[PDB]
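Okay, so we've got the same protein chain twice, two forms, each given alone as structure tokens, structure 1 and structure 2.
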Structure 1
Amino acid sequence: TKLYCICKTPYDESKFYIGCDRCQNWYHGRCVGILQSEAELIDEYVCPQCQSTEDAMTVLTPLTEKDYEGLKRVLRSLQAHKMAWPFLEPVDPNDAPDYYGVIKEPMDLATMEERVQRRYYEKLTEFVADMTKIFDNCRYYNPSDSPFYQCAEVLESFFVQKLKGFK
């Protein structure tokens, strides 16, 4: 007696429907890009909009126990990376003057490890913000053809892949 799907249409017993387990609405398989045989291979179904919302909220949901452990393993893999040599530790002040003269929010993997250890981060977005802060500081301070900058590029690319499927 009701209207279903993104296409707002009443039930048609001759059409293949699948139910979203998040929103409990029903969708034509043809409208959300899943056929019956593909549907047979999955336990829960999640509709495209609901799925978008889940993808978007991964960076915003509270960090759990396992998430924190995961962040520790991520930093470890980053610390072991060959192009991670410039980011392992804070810049030695009595070594690079103008570094702290122009960078007022430095970040480094050791400091990030400390922040993870004491649960300074509560959302994945905060952790990602600090990692990005490392690479952007670097790219702001160094020329784009320099090894420092390019190292920032390489490790950021590695990082983005390592983060996939995290939550």
Structure 2
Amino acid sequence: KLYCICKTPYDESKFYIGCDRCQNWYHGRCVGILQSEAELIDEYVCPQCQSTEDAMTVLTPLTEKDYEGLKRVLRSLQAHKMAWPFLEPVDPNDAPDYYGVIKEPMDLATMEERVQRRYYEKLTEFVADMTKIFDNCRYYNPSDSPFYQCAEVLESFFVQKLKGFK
């Protein structure tokens, strides 16, 4: 039987630590955790399992707590200085050709209503709408336009704000 990421036979002289998620054992050194540092913690999640958890954060059901975060994030975006061009839908008259090229329009007010209506069931759906705002802008406007730059700035801000969301 093999253990750890290194897939090696058990060595009675080495320090091992067990993952509470998968129930497997790993060499403290292979997973990067001091023997003492482990004495403090009460639960352990190995690299493989942790990676799976990070990847599923966007797929799991959104909780009430998650929704408090969605409102918090959405509001920080709406208050951002570079967000003025995305607060409301594009008026058909302001740009008649807009709805001809942009197949999936989106804006912050629509997302606000969706959040209020509990329309989102997975974080991924919320991230998808936000990404749509930026992608539509970059598609419709030239790379040298302040509009295009506002999208660049806002998405960078957004990505950071999502770190450690849930």
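Quick note, the numbers are simply positions in structure 1, starting from 1. Under this definition, the rigid core comprises the largest set of C-alpha atoms superposing within 1.5 Å between the forms.
**Study point:** Rigid core superposition, residue 11 Cα moves 2 angstroms or more between the two structures
**Key:** Where the cores coincide, residue 11 still shows a C-alpha shift between the two structures that is 2 Å or more.
Review point. For residue 43, is the CA shift between the two structures at least 2 Å following rigid-core superposition?
Key: Yes, the C-alpha moves 2 Å or more.
**Study point:** Core-aligned Cα shift of residue 81 between the two structures, given in Å
**Key:** Residue 81 C-alpha displacement between the two structures, core-aligned: 0.3 Å.
Point to revise | residue 69: CA movement between the two structures [superposed on rigid core, Å] | key: Core-aligned C-alpha shift comes out at 1.0 Å.
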